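Where a number appears in this text, it was derived from the coordinates with a stated rule and is not lab data. Note: ideal-geometry Cβ built from the backbone for every residue, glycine included; neighbour counts use all protein chains shown.
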Protein chains: 2
Amino acid sequence: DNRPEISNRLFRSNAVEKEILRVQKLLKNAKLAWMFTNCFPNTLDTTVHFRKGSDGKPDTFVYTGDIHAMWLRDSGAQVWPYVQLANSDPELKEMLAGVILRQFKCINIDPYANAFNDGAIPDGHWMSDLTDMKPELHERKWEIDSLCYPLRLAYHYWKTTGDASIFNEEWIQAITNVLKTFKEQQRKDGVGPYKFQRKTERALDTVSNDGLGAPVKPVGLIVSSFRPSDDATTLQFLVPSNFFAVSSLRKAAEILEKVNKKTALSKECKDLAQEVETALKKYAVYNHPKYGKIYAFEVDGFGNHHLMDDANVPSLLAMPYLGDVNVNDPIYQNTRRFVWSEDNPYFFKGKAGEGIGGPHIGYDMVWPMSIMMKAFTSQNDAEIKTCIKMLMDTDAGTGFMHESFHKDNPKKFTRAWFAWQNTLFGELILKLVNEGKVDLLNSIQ
Amino acid sequence: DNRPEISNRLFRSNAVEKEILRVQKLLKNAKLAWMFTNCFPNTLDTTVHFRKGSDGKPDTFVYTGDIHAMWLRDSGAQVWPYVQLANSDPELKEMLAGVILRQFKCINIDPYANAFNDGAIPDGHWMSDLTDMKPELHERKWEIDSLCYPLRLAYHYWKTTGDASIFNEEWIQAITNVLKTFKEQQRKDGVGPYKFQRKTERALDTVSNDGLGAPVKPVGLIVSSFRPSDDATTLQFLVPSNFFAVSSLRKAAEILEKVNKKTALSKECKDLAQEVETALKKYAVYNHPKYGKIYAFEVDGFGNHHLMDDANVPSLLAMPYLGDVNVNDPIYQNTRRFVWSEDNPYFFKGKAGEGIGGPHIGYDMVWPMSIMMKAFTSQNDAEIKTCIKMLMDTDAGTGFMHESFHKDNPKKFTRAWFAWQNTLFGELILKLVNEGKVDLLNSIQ
């Protein structure tokens, strides 16, 4: 396999190793078993720094891979599929708790920031951004989903393990920050305190209108300055992220009620979730002449819509994966047909495969994430099989998941070492195995 | 008045001076007569460098004013209102021929460029832009309207004066270049030869997707990478510019047939104009739930629309002014209600005035150009009066037209010296006088 040598692996989990052995024995396709082995543990192998803080509480720093900082998004997804093993592995469990606690610490340092350093560093590369940068931050691109992924992870950890110890005063500070930030970004009474520009040739790495972005009408939705691709939004009410905020606020509300016994703060979360949900139903649905009612990718509240999808989760395609809409919501099913078609400007189809990319890497570059999400949200084995086959056929022989690959030639690719994507691939294969679809995977020749 | 001292004025026209005295003696409102005197001749006073070329032919270089280079657009507009005087003033007429011939020379240097130097400036400010630069260019932002404005000026010059001497072999080369460039930018067979990025904090001064912009589907419309604001397009089929291309190609078709006797090249212009017109009819009309059928500001050919307007002409509001749609086109009339409303993200209304701006200067900055265009396309004297009074009341006492002013405070403004806008003001007042509406202007206290 392509895992690091054992002495070079950063974090070892007995339960992860045992699960790798179990899947290896069930899978008859050698390439698939190998890819699983490379990818499922890649986070633990290459990105995880577990320790105890000054207070004796667990603390885990998680790098993205070939970008050396911790994203709230990537870290929340990178350890996600390990939660289901935590009850059998105390060391794994405490590492997970450490991730969540480190995420809350990040939110409290700056709830607008997407990417964090492990303490202060000097001469950070993005210190020159025209925004309120600090040495503790790697980057300060405001992305709604940065605040959702930790809530998601914390809720699943708590439900799985029963361990409420993570919901301490730093949690209360973090959810209080999440509420403040989301409300600022509804922009009801003014543009808010967040502004961003950067001197760059990359148009989506800076923000129009002196760092405020295109105007929005403050109908109750939350502005996301940037997408989970880290690209600026076009119309600033980013729809899949708003849907993720609704779910995440409701999870926070349940924690605050049942664990913290803070019913006022719980209600603040539920009320905001409801406001956003009501506004999404009113403003985010577009009567498409070909596909019927679909969800727009972005809106501005004035009546504009942006009909497309980007591979990064939260995306329109992946909403049932995160649990933000039902997979059988008829509007979602119409949307799924739309995003996976040449009516979507960021859908590409070529000699080697097809799928969704976006403006991050640009034309003709398909993201394995989109194909994985197509599989995650599929209700048909034949569709799932085409997805897994394509993921296997587009790795350029590396045994790993990439950011993107060229539609006509998977040897042209980006990000060799992208731990979130490796985690997702392991998660997908493990899901299929656990759902009784081993025979389906073994039919891949 | 605020004109330069006589000995500092760059170009003198007898006919212009006579019209100023005419208007001064007719107008009872002293501030309006003073504004006309400041504004109407501003281009001649401050931006026109007329000479005889080595070859005998007139040549006129026209600076924008407080930005020091020649735009195809600005130069085309700056001298526009003088054409009506050309039959009375040989020196003015020759100067106007020289603008046109200089414009054709510019187009032949680079038909993608918006802005030109008077000769070569190898260390020019923008020579570092990530595009194919030449020292003769000030800036190389691809704007469809750059190629339209010279065609419009030449046609009006020819129709007014009868002088076809401007339609020489440099003209043939220029129109050939226009056709070639427009067709490249339909992107039927690939993305074309034009790409642009710039390292800048200003998001709309560089272009997404590695300098290609957001994908379009090649339905027959022409891509404009930038708008007449010099801001990058969002969806790249810029609708008012496409409508302007239709009219301009049809003017070029007439000239080529009647003057040059080139029936094939004439037909190529007619056929392209028709292709674009048919595509506009099929793709640029949006069924707005409030306003009815309207014209989108931009489309991508996939089914996306961008519902807004920007002050800069060509704009949706200004289409009847340029002659690209009839003022009583019902879809235009719906569009006009839409663009001058708070449903347009770039319409602003405050304590001092109201009107359309754009992302160039950003939030709450109204451009006098929009108010002027509302008056140019008005069919009601009361509306015209309100616009003239607003122009007078929002000059911050300078006696000149600005780029933009704050909706609550005209003393906060941009571009003190903007010759295009000054010319346009003088054009507007002279139009109203020549239409017999001086009593309307005299009713302003």
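A:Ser224: of a type outside the set (A, V, I, L, M), surrounded by 24 or more Cβ atoms within 10 Å (Cβ to Cβ) and touching a residue at least 12 places away in the same chain (Cβ under 8 Å), yes or no? Step through it out loud before you land on a result.
On the way: of a type outside the set (A, V, I, L, M): yes; surrounded by 24 or more Cβ atoms within 10 Å (Cβ to Cβ): yes; touching a residue at least 12 places away in the same chain (Cβ under 8 Å): yes.
Considered against the rule, which asks whether it is of a type outside the set (A, V, I, L, M), surrounded by 24 or more Cβ atoms within 10 Å (Cβ to Cβ) and touching a residue at least 12 places away in the same chain (Cβ under 8 Å), A:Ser224 comes out as yes.
For segment B:240-284, taking the residues that are of a type in the set (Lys, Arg) and within 19 Å of the chain's Cα centre (by Cα), the one that is surrounded by the fewest Cβ atoms within 10 Å (Cβ to Cβ) is identified as B:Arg250. In the set (1) within 14 Å of chain A (Cβ to nearest Cβ); (2) part of a helix (DSSP H, G or I); (3) surrounded by fewer than 19 Cβ atoms within 10 Å (Cβ to Cβ); (4) touching a residue at least 40 places away in the same chain (Cβ under 8 Å), the condition left unmet by B:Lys217 is number (2).
When segment A:387-407 is filtered for residues that are more than 20 Å from A:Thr64 (Cβ to Cβ) and of a type in the set (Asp, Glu), only A:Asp393 remains.
Among the helices (runs of 4 or more DSSP H) lying completely within segment B:359-445, list those that include at least 2 residues that are buried (at least 19 other Cβ atoms within 10 Å of the Cβ).
Details: elements: B:368-376, B:381-393, B:419-434, B:438-442.
Fully inside segment B:359-445 and qualifying: B:368-376, B:381-393, B:419-434.
Pairs meeting the criteria (first residue in segment A:396-408 and free of Cβ contacts under 8 Å to residues at least 60 places away in the same chain and closer than 16 Å to A:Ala33 by Cβ, second residue basic (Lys, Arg) and in a strand (DSSP E or B), beta carbons under 9 Å, at least 6 apart or on different chains) are A:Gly397/A:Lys411.
All conditions but one from (1) closer than 24 Å to A:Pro240 by Cβ; (2) among the polar types (S, T, N, Q); (3) without any contact (Cβ under 8 Å) to a residue 40 or more places away in the chain apply to A:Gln185; the one that does not is (3). For the residues A:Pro111, A:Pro135, the requirement of being touching a helix residue (DSSP H, G or I) at 6+ places or on another chain (Cβ under 9 Å), over 22 Å from B:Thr206 (Cα atoms) and not small (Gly, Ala, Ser) singles out A:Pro111. Could you list, in sequence order, all residues of segment A:265-290 that are of a type outside the set (D, E, K, R), farther than 18 Å from A:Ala174 by Cβ and away from chain B (no Cβ under 14 Å)? Matches in segment A:265-290: A:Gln274, A:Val276, A:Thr278, A:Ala279, A:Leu280, A:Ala284. A:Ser225 falls short on exactly one of the conditions (1) among the small types (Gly, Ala, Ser); (2) more than 12 Å from chain B (Cβ to nearest Cβ); (3) within 18 Å of the chain's Cα centre (by Cα), and that condition is (2). Listed by first and then second residue, the pairs with beta-carbon distance under 8 Å, at least 6 apart or on different chains, first residue in segment A:1-22 and of a type in the set (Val, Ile, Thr), second part of a helix (DSSP H, G or I), are A:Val16/A:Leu44; A:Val16/A:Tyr82; A:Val16/A:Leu85; A:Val16/A:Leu92; A:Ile20/A:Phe36; A:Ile20/A:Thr37. If you filter segment A:194-214 down to residues that are in contact (Cβ under 8 Å) with a residue 60 or more places away in the chain and out of contact with any strand residue (DSSP E or B) (no Cβ under 9 Å at 6 or more places or on another chain), you find that the one that is farthest from A:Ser146 (Cα to Cα) is A:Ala214. I'd like to know if segment A:70-78 contains one or more residues that are over 17 Å from the mean Cα position of the chain (by Cα) and of a type in the set (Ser, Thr, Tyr). Scanning segment A:70-78 turns up no residue that is over 17 Å from the mean Cα position of the chain (by Cα) and of a type in the set (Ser, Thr, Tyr).
Contact map, segment B:300-315: residues that are free of Cβ contacts under 8 Å to residues at least 12 places away in the same chain and buried (at least 24 other Cβ atoms within 10 Å of the Cβ) paired with residues that are assigned to a loop (DSSP other than H, G, I, E, B) and not basic (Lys, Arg), Cβ distance under 9 Å, separation 6+ or inter-chain. No pairs are found.
With respect to A:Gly190, is the statement that it is surrounded by fewer than 21 Cβ atoms within 10 Å (Cβ to Cβ), more than 8 Å from chain B (Cβ to nearest Cβ) and not β-branched (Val, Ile, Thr) true?
Details: surrounded by fewer than 21 Cβ atoms within 10 Å (Cβ to Cβ): yes; more than 8 Å from chain B (Cβ to nearest Cβ): yes; not β-branched (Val, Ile, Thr): yes.
Yes; evaluated as a whole, the condition is true for this residue.
Residues in segment A:195-214 that are farther than 18 Å from A:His360 by Cβ, more than 7 Å from chain B (Cβ to nearest Cβ) and part of a helix (DSSP H, G or I): A:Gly211 only. Residues that are within 30 Å of A:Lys195 (Cβ to Cβ), away from chain A (no Cβ under 14 Å) and not aromatic (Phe, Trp, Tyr) are absent from segment B:255-264. Determine whether segment A:255-262 contains at least one residue that is assigned to a loop (DSSP other than H, G, I, E, B) and in contact (Cβ under 8 Å) with a residue 60 or more places away in the chain. Yes.
Take A:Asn287 and tell me if it is over 18 Å from the mean Cα position of the chain (by Cα), surrounded by fewer than 24 Cβ atoms within 10 Å (Cβ to Cβ) and assigned to a helix (DSSP H, G or I). Criteria not met by A:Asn287. Which residues, counting only those in segment A:175-192, are assigned to a helix (DSSP H, G or I) and among the charged types (D, E, K, R)? Those that are assigned to a helix (DSSP H, G or I) and among the charged types (D, E, K, R): A:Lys180, A:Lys183, A:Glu184. Kindly evaluate B:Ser241 against the criterion of being touching a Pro at 6+ places or on another chain (Cβ under 6 Å), in a helix (DSSP H, G or I), of a type in the set (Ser, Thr, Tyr) and in contact (Cβ under 8 Å) with a residue 24 or more places away in the chain. Considered against the rule, which asks whether it is touching a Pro at 6+ places or on another chain (Cβ under 6 Å), in a helix (DSSP H, G or I), of a type in the set (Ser, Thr, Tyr) and in contact (Cβ under 8 Å) with a residue 24 or more places away in the chain, B:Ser241 comes out as yes. The single residue among A:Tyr346, A:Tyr332 that is more than 14 Å from chain B (Cβ to nearest Cβ) and not small (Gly, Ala, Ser) turns out to be A:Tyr332.
Of all residues in segment A:291-328, those satisfying the criterion of being in a loop (DSSP other than H, G, I, E, B), in contact with a helix residue (DSSP H, G or I) (Cβ under 8 Å, 6 or more places away or on another chain), more than 14 Å from every other protein chain (Cβ to nearest Cβ) and farther than 15 Å from A:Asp145 by Cα are A:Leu317, A:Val325, A:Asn326, A:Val327. Flag not set for B:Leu212, criterion: aliphatic (A, V, I, L, M) and either at positive phi or touching a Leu at 6+ places or on another chain (Cβ under 9 Å) (or both).
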